[PDB]
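The next block is input_24.tsv, given as TSV, C-alpha atoms and all ligand atoms.
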```tsv
chain	number	residue	atom	x	y	z
A	11	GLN	CA	19.46	15.59	-22.01
A	12	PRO	CA	18.42	13.03	-22.02
A	13	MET	CA	18.40	11.49	-18.57
A	14	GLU	CA	18.56	7.71	-18.49
A	15	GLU	CA	16.31	5.61	-16.25
A	16	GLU	CA	16.88	1.90	-15.82
A	17	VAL	CA	13.80	-0.20	-15.11
A	18	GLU	CA	13.78	-3.72	-13.71
A	19	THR	CA	10.84	-6.03	-14.38
A	20	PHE	CA	10.05	-9.03	-12.19
A	21	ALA	CA	7.53	-11.82	-12.32
A	22	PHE	CA	5.30	-12.36	-9.27
A	23	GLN	CA	5.49	-15.73	-7.55
A	24	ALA	CA	2.77	-17.96	-9.14
A	25	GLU	CA	0.50	-17.94	-6.05
A	26	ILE	CA	0.74	-14.14	-5.66
A	27	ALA	CA	-0.21	-13.74	-9.34
A	28	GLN	CA	-3.14	-16.14	-8.85
A	29	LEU	CA	-4.39	-14.18	-5.82
A	30	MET	CA	-4.05	-10.84	-7.65
A	31	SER	CA	-6.16	-12.24	-10.51
A	32	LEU	CA	-8.81	-13.42	-8.04
A	33	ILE	CA	-8.92	-10.08	-6.20
A	34	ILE	CA	-8.94	-7.77	-9.23
A	35	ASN	CA	-11.83	-9.72	-10.85
A	36	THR	CA	-14.03	-10.61	-7.82
A	37	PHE	CA	-17.53	-9.14	-7.41
A	38	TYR	CA	-17.07	-9.04	-3.59
A	39	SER	CA	-19.54	-6.46	-2.17
A	40	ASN	CA	-17.42	-5.29	0.82
A	41	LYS	CA	-14.48	-3.76	-1.09
A	42	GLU	CA	-14.10	-0.86	1.40
A	43	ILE	CA	-11.88	-3.13	3.56
A	44	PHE	CA	-8.95	-2.32	1.21
A	45	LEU	CA	-8.44	0.92	3.18
A	46	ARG	CA	-8.39	-0.89	6.53
A	47	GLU	CA	-5.68	-3.22	5.21
A	48	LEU	CA	-3.48	-0.41	3.84
A	49	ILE	CA	-3.87	1.71	7.01
A	50	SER	CA	-2.99	-1.36	9.12
A	51	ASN	CA	0.16	-1.90	7.00
A	52	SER	CA	1.12	1.75	7.54
A	53	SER	CA	0.56	1.39	11.29
A	54	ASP	CA	2.91	-1.61	11.33
A	55	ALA	CA	5.53	0.40	9.39
A	56	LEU	CA	5.21	3.23	11.91
A	57	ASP	CA	5.61	0.73	14.79
A	58	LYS	CA	8.88	-0.45	13.20
A	59	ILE	CA	10.53	2.98	12.94
A	60	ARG	CA	9.30	3.76	16.47
A	61	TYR	CA	10.97	0.60	17.73
A	62	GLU	CA	14.27	1.56	16.10
A	63	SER	CA	14.06	5.02	17.51
A	64	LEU	CA	13.77	3.60	21.09
A	65	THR	CA	17.47	2.85	20.80
A	66	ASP	CA	18.57	5.50	18.26
A	67	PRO	CA	16.57	8.80	18.24
A	68	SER	CA	18.49	9.98	15.15
A	69	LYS	CA	16.40	7.45	13.16
A	70	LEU	CA	13.63	10.09	13.22
A	71	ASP	CA	15.87	12.91	11.90
A	72	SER	CA	14.49	12.03	8.46
A	73	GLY	CA	10.99	12.87	9.80
A	74	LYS	CA	9.86	13.29	13.41
A	75	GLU	CA	6.10	13.02	12.79
A	76	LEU	CA	4.59	9.52	12.78
A	77	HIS	CA	1.32	9.70	10.88
A	78	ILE	CA	-0.85	8.52	8.00
A	79	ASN	CA	-2.20	10.85	5.29
A	80	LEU	CA	-5.03	10.15	2.83
A	81	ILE	CA	-5.18	12.15	-0.38
A	82	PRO	CA	-7.98	11.68	-2.94
A	83	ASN	CA	-7.60	13.16	-6.44
A	84	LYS	CA	-10.60	13.14	-8.78
A	85	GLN	CA	-8.65	14.66	-11.69
A	86	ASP	CA	-6.30	11.66	-12.04
A	87	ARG	CA	-8.59	9.19	-10.29
A	88	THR	CA	-6.22	8.22	-7.51
A	89	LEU	CA	-6.36	7.66	-3.82
A	90	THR	CA	-3.01	8.01	-2.10
A	91	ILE	CA	-2.11	6.66	1.32
A	92	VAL	CA	1.08	8.04	2.79
A	93	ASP	CA	2.83	7.05	5.98
A	94	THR	CA	6.06	8.12	7.63
A	95	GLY	CA	6.97	4.60	8.68
A	96	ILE	CA	10.29	2.75	8.32
A	97	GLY	CA	10.04	2.56	4.53
A	98	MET	CA	11.52	-0.18	2.34
A	99	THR	CA	14.91	-0.88	0.80
A	100	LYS	CA	15.08	-2.05	-2.81
A	101	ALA	CA	15.44	-5.67	-1.64
A	102	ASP	CA	12.50	-5.20	0.75
A	103	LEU	CA	10.38	-4.04	-2.21
A	104	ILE	CA	11.40	-6.81	-4.56
A	105	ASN	CA	11.18	-9.57	-1.95
A	106	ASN	CA	8.25	-8.40	0.25
A	107	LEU	CA	5.95	-7.40	-2.65
A	108	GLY	CA	6.81	-10.08	-5.21
A	109	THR	CA	8.23	-13.21	-3.51
A	110	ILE	CA	7.73	-13.50	0.32
A	111	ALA	CA	3.89	-13.36	-0.01
A	112	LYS	CA	3.77	-16.68	-1.92
A	113	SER	CA	3.18	-18.74	1.25
A	114	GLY	CA	0.56	-16.38	2.69
A	115	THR	CA	-1.32	-16.02	-0.60
A	116	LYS	CA	-1.43	-19.84	-0.86
A	117	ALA	CA	-2.79	-20.26	2.67
A	118	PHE	CA	-5.34	-17.48	2.05
A	119	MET	CA	-6.48	-18.91	-1.30
A	120	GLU	CA	-6.96	-22.32	0.36
A	121	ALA	CA	-8.96	-20.55	3.09
A	122	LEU	CA	-11.16	-18.87	0.47
A	123	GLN	CA	-11.65	-22.28	-1.15
A	124	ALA	CA	-12.74	-23.54	2.30
A	125	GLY	CA	-15.38	-20.77	2.64
A	126	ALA	CA	-13.37	-17.96	4.26
A	127	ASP	CA	-14.21	-14.30	3.61
A	128	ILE	CA	-11.94	-11.94	1.63
A	129	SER	CA	-12.06	-9.58	4.65
A	130	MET	CA	-9.77	-12.07	6.48
A	131	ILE	CA	-6.89	-11.42	4.01
A	132	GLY	CA	-4.96	-9.40	6.63
A	133	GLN	CA	-4.71	-12.41	8.95
A	134	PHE	CA	-2.57	-14.09	6.27
A	135	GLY	CA	-0.16	-11.12	5.98
A	136	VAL	CA	-1.09	-10.32	2.35
A	137	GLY	CA	-3.65	-7.54	2.89
A	138	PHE	CA	-1.71	-5.21	0.57
A	139	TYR	CA	-3.10	-7.05	-2.47
A	140	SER	CA	-6.65	-6.11	-1.38
A	141	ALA	CA	-5.79	-2.79	-3.07
A	142	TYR	CA	-6.74	-4.48	-6.37
A	143	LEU	CA	-10.36	-4.73	-5.19
A	144	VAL	CA	-10.72	-1.06	-6.15
A	145	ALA	CA	-7.55	-0.28	-8.16
A	146	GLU	CA	-6.51	-1.29	-11.67
A	147	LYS	CA	-2.91	-0.24	-11.00
A	148	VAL	CA	-0.89	0.37	-7.88
A	149	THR	CA	2.24	2.44	-7.47
A	150	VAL	CA	4.38	2.30	-4.36
A	151	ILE	CA	6.95	4.97	-3.56
A	152	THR	CA	9.22	4.21	-0.64
A	153	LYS	CA	12.19	5.64	1.20
A	154	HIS	CA	14.18	3.92	3.93
A	155	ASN	CA	16.93	5.54	6.01
A	156	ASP	CA	20.41	5.08	4.48
A	157	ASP	CA	18.84	4.11	1.13
A	158	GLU	CA	17.51	5.73	-2.04
A	159	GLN	CA	13.89	6.39	-2.97
A	160	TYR	CA	12.30	3.63	-5.08
A	161	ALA	CA	9.16	3.23	-7.14
A	162	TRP	CA	7.29	-0.09	-7.53
A	163	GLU	CA	4.38	-0.54	-9.89
A	164	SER	CA	2.01	-3.24	-11.09
A	165	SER	CA	-1.21	-3.48	-13.08
A	166	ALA	CA	-1.72	-7.14	-11.97
A	167	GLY	CA	-0.49	-8.52	-15.30
A	168	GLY	CA	1.75	-11.14	-13.70
A	169	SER	CA	4.70	-8.76	-13.22
A	170	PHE	CA	5.88	-5.60	-11.52
A	171	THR	CA	8.56	-2.99	-12.09
A	172	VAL	CA	11.06	-1.36	-9.78
A	173	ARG	CA	13.13	1.73	-10.45
A	174	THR	CA	14.86	4.56	-8.65
A	175	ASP	CA	12.32	7.32	-8.13
A	176	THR	CA	13.23	10.68	-9.65
A	177	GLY	CA	10.20	12.44	-8.13
A	178	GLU	CA	10.12	14.61	-5.01
A	179	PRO	CA	11.93	13.07	-2.00
A	180	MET	CA	9.72	11.77	0.84
A	181	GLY	CA	12.22	11.94	3.69
A	182	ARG	CA	11.13	8.55	5.01
A	183	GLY	CA	8.14	6.29	4.62
A	184	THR	CA	5.86	4.79	2.03
A	185	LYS	CA	3.31	6.14	-0.38
A	186	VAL	CA	0.70	3.82	-1.91
A	187	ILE	CA	-1.00	5.30	-4.97
A	188	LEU	CA	-4.20	3.59	-6.01
A	189	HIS	CA	-5.22	4.16	-9.64
A	190	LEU	CA	-8.92	3.42	-9.15
A	191	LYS	CA	-11.17	1.39	-11.40
A	192	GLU	CA	-13.77	3.46	-13.28
A	193	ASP	CA	-16.64	2.01	-11.16
A	194	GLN	CA	-14.86	2.57	-7.80
A	195	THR	CA	-14.61	6.39	-7.74
A	196	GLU	CA	-16.83	6.53	-4.63
A	197	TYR	CA	-13.57	6.12	-2.66
A	198	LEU	CA	-12.49	9.60	-3.78
A	199	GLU	CA	-15.43	11.18	-1.89
A	200	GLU	CA	-14.57	12.94	1.36
A	201	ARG	CA	-17.70	11.61	3.14
A	202	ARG	CA	-17.12	8.00	2.05
A	203	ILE	CA	-13.46	8.04	3.11
A	204	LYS	CA	-14.33	9.46	6.57
A	205	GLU	CA	-17.02	6.80	7.05
A	206	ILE	CA	-14.68	3.93	6.13
A	207	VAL	CA	-11.88	5.21	8.38
A	208	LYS	CA	-14.17	5.60	11.39
A	209	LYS	CA	-15.81	2.20	10.81
A	210	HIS	CA	-12.62	0.13	10.38
A	211	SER	CA	-9.59	2.16	11.60
A	212	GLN	CA	-10.79	4.41	14.43
A	213	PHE	CA	-8.49	2.69	16.95
A	214	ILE	CA	-5.29	3.03	14.90
A	215	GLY	CA	-2.69	4.56	17.27
A	216	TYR	CA	-1.38	7.12	14.78
A	217	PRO	CA	-3.12	10.23	13.49
A	218	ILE	CA	-4.94	9.69	10.20
A	219	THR	CA	-5.48	12.89	8.24
A	220	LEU	CA	-7.64	13.38	5.16
A	221	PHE	CA	-6.39	16.17	2.88
A	222	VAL	CA	-8.93	17.94	0.69
A	223	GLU	CA	-8.75	20.95	-1.64
B	1	LIG	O1	0.75	-0.47	2.32
B	1	LIG	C1	2.02	-0.53	2.84
B	1	LIG	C2	2.42	0.48	3.73
B	1	LIG	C3	3.70	0.44	4.29
B	1	LIG	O2	4.10	1.41	5.16
B	1	LIG	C4	4.58	-0.60	3.97
B	1	LIG	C5	5.92	-0.69	4.54
B	1	LIG	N1	6.70	0.38	4.79
B	1	LIG	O3	7.87	-0.12	5.36
B	1	LIG	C6	7.78	-1.48	5.45
B	1	LIG	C7	8.74	-2.36	5.95
B	1	LIG	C8	8.39	-3.74	5.91
B	1	LIG	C9	7.16	-4.18	5.38
B	1	LIG	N2	6.76	-5.49	5.29
B	1	LIG	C10	5.87	-5.99	4.23
B	1	LIG	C11	4.85	-6.99	4.74
B	1	LIG	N3	3.70	-6.32	5.39
B	1	LIG	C12	2.80	-7.30	6.14
B	1	LIG	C13	1.63	-6.53	6.75
B	1	LIG	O4	2.11	-5.54	7.66
B	1	LIG	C14	2.91	-4.57	6.97
B	1	LIG	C15	4.12	-5.19	6.37
B	1	LIG	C16	6.26	-3.24	4.91
B	1	LIG	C17	6.57	-1.88	4.94
B	1	LIG	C18	4.16	-1.61	3.08
B	1	LIG	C19	2.89	-1.58	2.53
B	1	LIG	CL1	2.43	-2.84	1.45
```

How would this structure read if it were set down as structure tokens?
Amino acid sequence: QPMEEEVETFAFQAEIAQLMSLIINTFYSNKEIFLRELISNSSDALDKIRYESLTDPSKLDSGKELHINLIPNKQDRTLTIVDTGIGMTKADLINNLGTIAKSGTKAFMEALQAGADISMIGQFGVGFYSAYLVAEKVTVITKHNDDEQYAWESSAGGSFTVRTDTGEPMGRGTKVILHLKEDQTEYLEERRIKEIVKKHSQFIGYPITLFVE
């Protein structure tokens, strides 16, 4: 006592910050697509660890099952999406969630200006930010082989934090925790989640399981 935790704060690239502002404040009526985008990202992460394991089977020693889990929680108002994909290193987190999306978010924002639909966000490689359609804050917990477990967090205030996660180890993969907006709690309902998964992610090549109490 006490334990000491160092936290690093980073600014988003200007265009990523602009897109996050647009997304978190839009009145877009087809917000359910956020789940499709996150599940698609998880599928890609699972494809990556599968690819590595083609050459080195020991890459799955940290977790043999390749799947996606959905966990709603009405008591803390969160929807969690967990995958056992490749996971991210600290640099992956800092770069892929705060800097590398600048180009894509710019191309997407120009597309929106030209009449494109928000549902096309995934084609620009920045679908992760669609989480802010329904969430006021997002927490990302990730674990990559040969690296420590990290926690990323942002409330779309122009910055994000990264720190070493002291919580329960994940083995390998990524956990996206959506802290839902007060008027978006419908996404915590078992029936609504099933409907959205069937409608937009039925053909995902990894098992998607919905955990309920
Ligand atoms: O929602 C997520 C779920 C994930 O598994 C990962 C993830 N785990 O390991 C990963 C390793 C690399 C990357 N790349 C970030 C850029 N995106 C573009 C769209 O396809 C997915 C990758 C993501 C993840 C990231 C997010 Cl944002």

Worksheet item: Which residue gives the smallest distance to residue 26 in chain A among A:84, A:58, A:116, A:173, with all atoms listed in the file counted?
Response: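 The closest residue to residue 26 in chain A is A:116.
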
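Using all atoms listed in the file, the nearest neighbour of ligand LIG 1 (chain B) within the list A:94, A:115, A:65, A:23 is A:94.
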
Discussion item. Calculated over only C-alpha atoms and all ligand atoms, which of the candidates A:87, A:69, A:189, A:182 has the smallest distance to ligand LIG 1 (chain B)?
Written reply: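 The answer is A:182, which sits nearest to ligand LIG 1 (chain B).
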
Mind running chain A against ligand LIG 1 (chain B) at 7 Å and telling me each contacting residue's nearest atom pair with the distance in Å (one decimal), counting only C-alpha atoms and all ligand atoms, chain and number ascending, as CSV?
```
residue,atom,partner,partner_atom,distance
A:48,CA,B:LIG1,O1,4.5
A:49,CA,B:LIG1,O1,6.9
A:50,CA,B:LIG1,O4,6.8
A:51,CA,B:LIG1,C14,3.8
A:52,CA,B:LIG1,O2,3.8
A:54,CA,B:LIG1,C14,5.3
A:55,CA,B:LIG1,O2,4.6
A:93,CA,B:LIG1,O2,5.8
A:95,CA,B:LIG1,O2,5.6
A:96,CA,B:LIG1,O3,4.8
A:97,CA,B:LIG1,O3,3.5
A:98,CA,B:LIG1,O3,4.7
A:102,CA,B:LIG1,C8,6.8
A:106,CA,B:LIG1,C10,5.2
A:135,CA,B:LIG1,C12,4.8
A:136,CA,B:LIG1,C12,6.2
A:137,CA,B:LIG1,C13,6.6
A:138,CA,B:LIG1,CL1,4.9
A:183,CA,B:LIG1,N1,6.1
A:184,CA,B:LIG1,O2,4.9
A:186,CA,B:LIG1,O1,6.0
```

Worksheet item: Which of these, A:131, A:203, A:110, A:89, has the shortest distance to residue 149 in chain A once you count only C-alpha atoms?
Response: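 Closest to residue 149 in chain A of all the choices is A:89.
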
Worksheet item: In Å, with one decimal, what is the gap from CA of residue 198 in chain A to CA of residue 143 in chain A?
Response: 14.6 Å

Response to the item:
CA of residue 92 in chain A to CA of residue 77 in chain A measures 8.3 Å

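Counting from CA of residue 71 in chain A, the distance to CA of residue 162 in chain A is 24.9 Å.
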
Practice prompt. Select all residues near (18.4, 4.9, 2.7) (cut-off 9 Å, inclusive, file coordinates), counting all atoms listed in the file, and output them as a list in words.
Written response: residues 97, 98, 99, 153, 154, 155, 156, 157, 158, 159 and 182 of chain A

Per-axis box centre and lengths in Å around range 179-188 of chain A, 5 Å margin per side, axis-aligned, as AutoDock Vina command-line options:
```
--center_x 4.0 --center_y 8.3 --center_z -0.5 --size_x 26.4 --size_y 19.5 --size_z 21.0
```

Within 10 Å of range 11-21 of chain A, which residues of range 160-196 of chain A come that close, and what is the closest atom pair and distance in Å for each? Count only C-alpha atoms and give it as JSON lines.
```
{"residue": "A:161", "atom": "CA", "partner": "A:17", "partner_atom": "CA", "distance": 9.8}
{"residue": "A:162", "atom": "CA", "partner": "A:18", "partner_atom": "CA", "distance": 9.7}
{"residue": "A:163", "atom": "CA", "partner": "A:19", "partner_atom": "CA", "distance": 9.6}
{"residue": "A:164", "atom": "CA", "partner": "A:19", "partner_atom": "CA", "distance": 9.8}
{"residue": "A:167", "atom": "CA", "partner": "A:21", "partner_atom": "CA", "distance": 9.2}
{"residue": "A:168", "atom": "CA", "partner": "A:21", "partner_atom": "CA", "distance": 6.0}
{"residue": "A:169", "atom": "CA", "partner": "A:21", "partner_atom": "CA", "distance": 4.3}
{"residue": "A:170", "atom": "CA", "partner": "A:20", "partner_atom": "CA", "distance": 5.4}
{"residue": "A:171", "atom": "CA", "partner": "A:19", "partner_atom": "CA", "distance": 4.4}
{"residue": "A:172", "atom": "CA", "partner": "A:18", "partner_atom": "CA", "distance": 5.3}
{"residue": "A:173", "atom": "CA", "partner": "A:17", "partner_atom": "CA", "distance": 5.1}
{"residue": "A:174", "atom": "CA", "partner": "A:15", "partner_atom": "CA", "distance": 7.8}
{"residue": "A:175", "atom": "CA", "partner": "A:15", "partner_atom": "CA", "distance": 9.2}
{"residue": "A:176", "atom": "CA", "partner": "A:15", "partner_atom": "CA", "distance": 8.9}
```

Practice prompt. Considering all atoms listed in the file, state which residue in the set A:36, A:201, A:29, A:206 is at the smallest distance from residue 121 in chain A.
Written response: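 Residue with the minimum atom-to-atom distance to residue 121 in chain A: A:29.
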
Item to complete: Excluding residue 33 in chain A and any residue of its chain fewer than 6 positions from it, enumerate the residues within 10 Å of it, using all atoms listed in the file, and give them as a PyMOL selection string.
Response: chain A and resi 27+41+128+139-144+166

Selection near residue 217 in chain A, 9 Å with all atoms listed in the file, sequence-local residues under 5 positions removed, as a compact mmCIF listing (two decimals) with C-alpha atoms, in the coordinates of the input:
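Resulting contents of selection.txt:
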```
# COMPACT_ATOMS: atom_id res chain seq x y z
CA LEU A 76 4.59 9.52 12.78
CA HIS A 77 1.32 9.70 10.88
CA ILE A 78 -0.85 8.52 8.00
CA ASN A 79 -2.20 10.85 5.29
```

Worksheet item: When distances are computed from only C-alpha atoms, which of A:152, A:39, A:195, A:219 shows the smallest separation from residue 101 in chain A?
Response: A:152

Would you kindly identify which residues have an atom no farther than 12 Å from (-11.8, 9.9, 7.7), using all atoms listed in the file and the file's own coordinates, and write them out as a compact mmCIF listing (two decimals) with C-alpha atoms, in the frame of the given file?
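result16.txt, written as the output of this step:
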```txt
# COMPACT_ATOMS: atom_id res chain seq x y z
CA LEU A 45 -8.44 0.92 3.18
CA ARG A 46 -8.39 -0.89 6.53
CA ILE A 49 -3.87 1.71 7.01
CA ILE A 78 -0.85 8.52 8.00
CA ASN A 79 -2.20 10.85 5.29
CA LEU A 80 -5.03 10.15 2.83
CA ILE A 81 -5.18 12.15 -0.38
CA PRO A 82 -7.98 11.68 -2.94
CA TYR A 197 -13.57 6.12 -2.66
CA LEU A 198 -12.49 9.60 -3.78
CA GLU A 199 -15.43 11.18 -1.89
CA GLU A 200 -14.57 12.94 1.36
CA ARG A 201 -17.70 11.61 3.14
CA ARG A 202 -17.12 8.00 2.05
CA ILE A 203 -13.46 8.04 3.11
CA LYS A 204 -14.33 9.46 6.57
CA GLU A 205 -17.02 6.80 7.05
CA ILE A 206 -14.68 3.93 6.13
CA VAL A 207 -11.88 5.21 8.38
CA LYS A 208 -14.17 5.60 11.39
CA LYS A 209 -15.81 2.20 10.81
CA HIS A 210 -12.62 0.13 10.38
CA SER A 211 -9.59 2.16 11.60
CA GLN A 212 -10.79 4.41 14.43
CA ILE A 214 -5.29 3.03 14.90
CA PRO A 217 -3.12 10.23 13.49
CA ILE A 218 -4.94 9.69 10.20
CA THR A 219 -5.48 12.89 8.24
CA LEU A 220 -7.64 13.38 5.16
CA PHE A 221 -6.39 16.17 2.88
CA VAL A 222 -8.93 17.94 0.69
```
